[PDB]
């Protein structure tokens, strides 16, 4: 708690989207973005990161899923916080399953550190998921993954990875290096990289339209 921001389905939800915001934010802005592309049968859940000290910014307390120590290829990542946060997301997936939405009808996603967390959670959980929408982010703890395919429940998971070509905070190059790594961890036929010309560390309407088409293709209406 506080309770996640929820976009209810218009009718009993047969699928769900769990979207994780980035550093400094809450789930409200992203909930309004998903409300503008909402499908009648999908529930959208945007949980709020706890407020915690961020090492990168002199331990200033701000909403963050885990600690951030640096932005360069050699920078250390918060292994314990990332794993802890991923088990918390797995518990939210579990709640949705027990409450009637199978995990193969759930898409996980996020922006920046939230996107990184969504990839890490999807690529470690054995709860089969429908897909991932990874926006302006990177694969965290990349060296801990195998050198080949991950195997397991989510070996054929569909992933939409989005990036702004003018991102001044998460270089396009880290988005590209991440998708090249995702194409070796899972079936590459279901991994798609979309880039938005002129977009910085932000979102845009064309990206939300591509996210909507991906969500609708993977979580179509069912009888």
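Numbering follows the first chain given and starts at 1. Note that the rigid core is defined as the largest set of C-alphas that superpose within 1.5 Å between two forms.
A.B. asks: Out of 176-184 and 52-60, which shows the greater rigid core-aligned C-alpha deviation in 4 other deposited structures of this protein?
C.D. replies: This comes out as 52-60, the stretch further from the shown form in 4 other deposited structures of this protein.
A.B. asks: Core-aligned, RMS over all structures and residues: is 205-213 or 5-13 the stretch with the greater C-alpha displacement in 4 other deposited structures of this protein?
C.D. replies: Once the core is superposed, the stretch further away in 4 other deposited structures of this protein is 5-13.
A.B. asks: Higher mean Cα B-factor in the deposited model: 214-222 or 1-9?
C.D. replies: Between 1-9 and 214-222, it is 1-9 that shows the higher mean C-alpha B-factor.
A.B. asks: Averaging only over Cα atoms, indicate whether 68-76 or 110-118 has the higher B-factor in the PDB entry.
C.D. replies: Between 110-118 and 68-76, it is 68-76 that shows the higher mean C-alpha B-factor.
A.B. asks: Whose CA atom has the top B-factor in the entry, of 150, 82, 89, 139?
C.D. replies: That would be 150.
A.B. asks: Taking the values straight from the PDB record, which of 166, 37, 45, 159 has the highest C-alpha temperature factor?
C.D. replies: Largest recorded C-alpha B-factor: 166.
A.B. asks: Relative to the other modelled residues of the same chain, rank the CA B-factor of residue 55 and answer lowest, middle or highest third.
C.D. replies: Ranked within chain, residue 55 CA B lands in the lowest tercile.
A.B. asks: Pull the Cα B-factor of residue 176 out of the PDB entry and bin it into the chain's lowest, middle or highest third.
C.D. replies: Middle third, going by the recorded CA B-factors of the chain.
A.B. asks: Going by what the PDB entry lists, where does residue 97 fall on CA B-factor within its chain: lowest, middle or highest third?
C.D. replies: For residue 97, whose C-alpha B-factor we compare with every modelled residue in the chain, the answer is the highest third.
A.B. asks: Should residue 143 be placed in the lowest, middle or highest third of its chain by the C-alpha B factor in the entry?
C.D. replies: Answer is highest: the recorded C-alpha B-factor places it there.
A.B. asks: What third of its chain, lowest, middle or highest, does the C-alpha temperature factor of residue 183 fall into?
C.D. replies: Its C-alpha B-factor belongs to the middle third of this chain's values.
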